[PDB]
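Protein chains in written order, with the working numbering: chain D, 1059 to 1199; chain G, 3 to 193; chain B, 3 to 173; chain S, 392 to 548; chain Z, 6 to 143.
Quick notes on the structure that follows.
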Amino acid sequence: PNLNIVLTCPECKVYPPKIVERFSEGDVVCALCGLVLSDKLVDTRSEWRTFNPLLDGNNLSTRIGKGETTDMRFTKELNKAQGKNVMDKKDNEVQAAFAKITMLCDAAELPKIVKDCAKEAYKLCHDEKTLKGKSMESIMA
Amino acid sequence: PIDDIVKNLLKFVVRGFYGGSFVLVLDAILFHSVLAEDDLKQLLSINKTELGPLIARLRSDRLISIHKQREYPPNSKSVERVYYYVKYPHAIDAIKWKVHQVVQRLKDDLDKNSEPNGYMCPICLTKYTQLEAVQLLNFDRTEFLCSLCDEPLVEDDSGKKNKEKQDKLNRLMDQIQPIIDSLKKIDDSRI
Amino acid sequence: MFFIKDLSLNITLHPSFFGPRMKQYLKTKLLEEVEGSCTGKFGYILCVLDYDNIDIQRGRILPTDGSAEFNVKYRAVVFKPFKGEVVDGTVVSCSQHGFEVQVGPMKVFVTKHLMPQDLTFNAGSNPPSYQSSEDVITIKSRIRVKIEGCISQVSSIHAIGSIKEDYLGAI
Amino acid sequence: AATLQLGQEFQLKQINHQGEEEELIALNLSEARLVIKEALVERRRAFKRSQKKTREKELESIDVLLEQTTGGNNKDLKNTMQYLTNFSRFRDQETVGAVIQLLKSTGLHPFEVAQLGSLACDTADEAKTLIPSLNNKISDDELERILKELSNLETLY
Amino acid sequence: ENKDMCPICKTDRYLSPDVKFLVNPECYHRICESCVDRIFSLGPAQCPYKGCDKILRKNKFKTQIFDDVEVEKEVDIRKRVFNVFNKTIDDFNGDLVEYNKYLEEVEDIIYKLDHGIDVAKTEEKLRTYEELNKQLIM
Ligand SMILES: [Zn+2]
Ligand SMILES: [Zn+2]
Ligand SMILES: [Zn+2]
């Protein structure tokens, strides 16, 4: 398949392209021959402003909660239902541990940086017969 | 009695394509026509986790169906006893149907591997066929390219796999022979 | 199989040629763009007939591009291949798996895995050719092919046949 | 396929541009080839009307005479004619008409009868295997004799 | 019969013997439709009749069902003799003794062909049948 697109000015083709991108006009232009290579360039700016990807990755779960158009019988029905599928992943320790370190570093006033930095360490190993458990706390602290 | 051969056949398949524990419950159900639920329970002297699906498998196998053998409780109640009605007519319905299903399936596997006709590009990991090959065949390219990756094609379903399916068939014919022979011996009377 | 058929077409006459002799231009465009072309739905096109009498009724002008376009219903000569019928042809090309035969304008290919057993490829032939237990098939040899596989891509058809059964092979 | 079920463009119910129905228009690779030059000569006659303001030797030049007439990117037309003339075994257009009077008197679908004409067929069994559809449609006795009548019409240049 | 019916459905006497356990004219063994149809569809393939290697031919089979194939083959050999001697001169002059003698010769040709214990006239019978065919063709 090789699944690759690389711009190349057909009139020049002199090299891996020496081109520019007129973002305001939303195009790309051969800096020498001036031919517009591809047009209708698409913005990617305003998409993220509305918005853990570092550690867990593609293991997916969506935080949820009750709605306004919902009864008390609908409120605690969801709070009971939201926990009945937590078995599917073993990030539950992590989701408690990542919570726990989040409790840990913040409580003694560590900077928010350490929160992820400690998170980086735990997700790094997370499994070794050299650990094989190992009190579950050293892997935290 | 031929019905015993039906039950004797039920042991063979429930011990041939099933485990050994699958026959002890089969023994227990066929031990008595109307058997109390607890009487079977005391026989095995184990939990229901190792008994439940066995009867459910037999009821799904249609060989025996748990019947509503109604019993009047002596405490001014109505609690029935779970006595299975051994469904011999449905036994040949279900068991033989699978045998007919698997034999044509293994027959399908035979001609799939019988001769390598379809092609494949290992680079793209996609299978192809002769009709794709010819429309992809070129005068200059004496082989078959793969326009997706621009790579030559290789054949699929070599001659070895045809033997494997046949050897599966030969084992299929041999291992199902006691099952069918005990099944076809029931075909005379359909009891 | 060879046919003569009555077909409809839609020519788009660009405004540049809008002179009064566009009718002549229209008759001109049809011939040079069709004779020598193929269709998956109608096969190759060799010749167009009834030049004088073709429906040229009217031209609808497009919303944009201002290029008035016409609908032409015309009768021509075509070759349309199929499956399940025998076709006599000329061996032209060949590969390791079999040989390719000229059929009308189409270059039909024949593969060994449909060809008879006694026939096989013998690279010793120059040009390369296939020796059977009875004869041997060379380039100019007249070969009748029963087409068993044909795919009609739009404007192109390629056919796969066999010489397995009787009254076939070199003629 | 061989069940007389091709694309609906090739049913018996064939429609001209004016909606009229008639049986499928099918020609053998000789009868079609015969119409090729004569129709093309008419165009070449019309080409010159607007301009005013063995058998192999005559084969190429006549086709070259018409290759020159049109664009010539249809040299396959010559190749088809090469495919045709090398494999067309008829002549004398009145031959086809009697053959049409003969073959179509049998009530055979024109593609089938043309395939009888188009294929250098001699025997009834020869058509039994070549044309699977035409094996028992007609009694095989008629097959050979008609083919022999065609084999009587072998014109070998 | 009881247990010799097919490589697949061997115990087919009581196994609903409805499928054609036909015999290929060049194989001489019971082959069920579960087996034979797998074979002649692709062409001349051999069947695993207890590990047999004889070729089951193309769509050219014959009906032999439950007619003692070996004796039927001998009957077929007799039928082949009956076919070879379909136009044999036996009563062309009406002589019964000559026809009686002529009938013995044709049966002996079948007897030579259908025996196989020391079959050497069997090949000669085919040549004699070919000689008869030479007489029949000419
Ligand atoms: Zn440039
Ligand atoms: Zn590929
Ligand atoms: Zn079988």
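All residues carry an ideal CB built from backbone N, CA and C; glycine is no exception.
For the region 473 to 485 of chain S, the set of positions with a beta-carbon nearer than 9 Å to some beta-carbon of chain B reads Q473, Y474, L475, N477 and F478 in chain order. At least one CB atom of chain B sits nearer than 8 Å to the CB of G/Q137.
Between the beta-carbon of G/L155 and that of G/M122 there is about 6 Å, and that keeps the pair under the 8 Å contact cut. For ligand 3, no non-hydrogen atom lies closer than 7 Å to the CB of B/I47. In the structure shown, G/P91 falls within a helical segment according to DSSP collapsed to helix, strand and coil. Relative to B/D8, the option among S/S441, S/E517, S/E412 and S/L468 whose CA is nearest is S/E412. A residue is called buried when at least 16 other Cβ atoms come within 10 angstroms of its Cβ; G/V81 does not meet this threshold and is exposed. Here the region 423 to 430 of chain S makes contact with the region 469 to 486 of chain S; the two share three or more CB pairs at distances below 8 Å. B/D57 is a Cβ neighbour of S/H408, given a cutoff of 8 Å. With a threshold of 8 Å between beta carbons, G/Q177 makes no contact with chain Z. Sorting Z/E79, Z/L108 and Z/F87 by C-alpha distance to the C-alpha of Z/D96 places Z/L108 at the top. Z/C32 has its CB no nearer than 7 Å to any heavy atom of ligand 3. Minimum Cα-Cα distance from G/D110 among the listed residues Z/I44, Z/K63, Z/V111 and Z/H34 corresponds to Z/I44. When DSSP reads this structure, Z/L61 sits in a beta bridge with Z/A50. Judged by DSSP in its simplified three-state form, B/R23 adopts coil rather than helix or strand. Residues of chain G whose Cβ lies closer than 7 Å to the Cβ of B/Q98 are, in chain order, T144.
For B/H99, the three-state secondary structure derived from DSSP is coil. Residues with their Cβ less than 6 Å from any non-hydrogen atom of ligand 3, running along the chain, are Z/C11, Z/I13, Z/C14, Z/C37, Z/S39 and Z/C40. Under the Cβ criterion of 8 Å, S/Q442 is not counted among the residues facing chain B.
For G/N119, the neighbours in chain B by C-beta distance under 8 Å run, in chain order, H115.
Legend: CB atoms of the region 32 to 57 of chain Z lying less than 8 Å from CB atoms of chain G belong to residues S39, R43, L47 and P53. Not one beta carbon of chain Z lies nearer than 8 Å to the beta carbon of G/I181. Every beta strand (DSSP E) of 3 residues or more that sits fully in the region 1079 to 1119 of chain D is shown, in chain order, as 1086 to 1088 and 1094 to 1096. The beta strand (DSSP E) runs lying completely inside the region 39 to 89 of chain G and spanning 3 residues or more are 67 to 71 and 83 to 87, given in chain order.
Close to G/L133, with beta-carbon spacing below 8 Å, are these residues of chain B in chain order: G151, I153 and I162. Annotation: G/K50 to G/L174 spans about 33 Å, alpha carbon to alpha carbon. The beta carbon of D/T1133 lies closer than 6 Å to those of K1124 in the same chain, with the five residues before and after it left out. Rounded to whole angstroms, the separation of the alpha carbons of G/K167 and G/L108 is 7 Å. D/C1175 counts as exposed, since fewer than 16 other C-beta atoms from the protein chains shown sit within 10 angstroms of its C-beta. With three or more CB-CB distances shorter than 8 Å, the region 101 to 121 of chain B counts as touching the region 78 to 91 of chain B. Counting C-beta pairs with one atom in each stretch, the region 112 to 128 of chain Z and the region 79 to 99 of chain Z have three or more that are closer than 8 Å, which means they touch.
The beta carbon of D/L1093 sits closer than 7 Å to at least one heavy atom of ligand 1. Contact check for G/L65 against G/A30 fails: the beta carbons are separated by 8 Å or more. Listed along the chain, the chain S residues whose CB falls inside 8 Å of the CB of B/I6 are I416, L418, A423 and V426. Proximity of chain B to G/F24 at the Cβ level (cut-off 8 Å) is not reached, the minimal Cβ distance being about 47 Å. In the three-state DSSP reduction, S/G508 falls in the helix class (H, G or I).
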